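This document opens with one chain alone, in structure tokens, the form deposited in one PDB entry.
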């Protein structure tokens, strides 16, 4: 009703959990951002017909997206904003919280809609990530680990890859990362512009 479906978080972070610098992400990875795009927009061939995915983001991340690239295409965009100062858009929603956002979609994309909702992704930032991390429906984290201690001023709020969260969060086999993303993806380290990174999938039991 409020939330029927599971939520998925997607992030690119350093080994120190740094995610941004100056209202921007501190690196330029074309193949990396390409991955974000195919994950956040992939719906099965048959479900391909009606279905669109949803990306939920906090106000600042909204602003941090290149003007040329937003709203993020082929996805339903929703910005979480308490203030709701300006909630502009030609078909893009606003919502007071994560729960409010879930209910607006269920309401907007019910049976009286052509286009049905497939998967829901939280794309950040840190404040929205903190809220998702405490949501009873978030069970999966699509993370990109960047093996470089790049200077950041914003951090991922929970050390899910640390020993203290190891009985809760588990890293999945690559084979099931590829099955969930539905495309094959590069295994192990990837080098692009001097940075080494890797794709991972973590899951927790609800």
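Residue numbers count along the first chain shown, from 1. Here, rigid core means the biggest group of C-alpha atoms that superpose within 1.5 Å across both forms.
When the C-alpha B-factors of 120 to 128 and 90 to 98 are averaged, 90 to 98 comes out higher. Across the two stretches, 133 to 141 and 54 to 62, the PDB entry reports the greater mean Cα temperature factor for 54 to 62. Across 39, 43, 154, 158, the greatest Cα temperature factor reported in the deposited entry is at 43.
Within the group 79, 104, 76, 115, the record's highest C-alpha temperature factor is found at 115. Per the deposited record, the Cα B-factor of residue 174 falls in the middle third when ranked against the other modelled residues of its chain.
Residue 206: CA B factor lies in the middle third for its chain, per the PDB record. Annotation for residue 34: CA B-factor lies in the middle third of the chain's modelled residues.
In this PDB entry, the Cα temperature factor of residue 181 sits in the middle third of its chain's modelled residues. Ranked within its chain, residue 2 lands in the highest third, by CA B factor from the PDB record.
What follows is about the form deposited in another entry, which we do not show.
In the core-superposed comparison between this form and the one not shown, residue 11 has its Cα shifted by less than 2 Å. Residue 22 is among the residues whose C-alpha shifts by 2 Å or more between this form and the one not shown once the rigid core is aligned.
Once both forms are overlaid on the rigid core, the distance between the two CA positions of residue 47 between this form and the one not shown is 2 angstroms or more.
Whereas the shown form places them at one spacing, the Cα atoms of residue 46 and residue 183 lie at least 3 Å farther apart in the other entry. Relative to this form, residue 110 and residue 49 approach one another in the other entry, with their C-alpha atoms ending up at least 3 Å closer.
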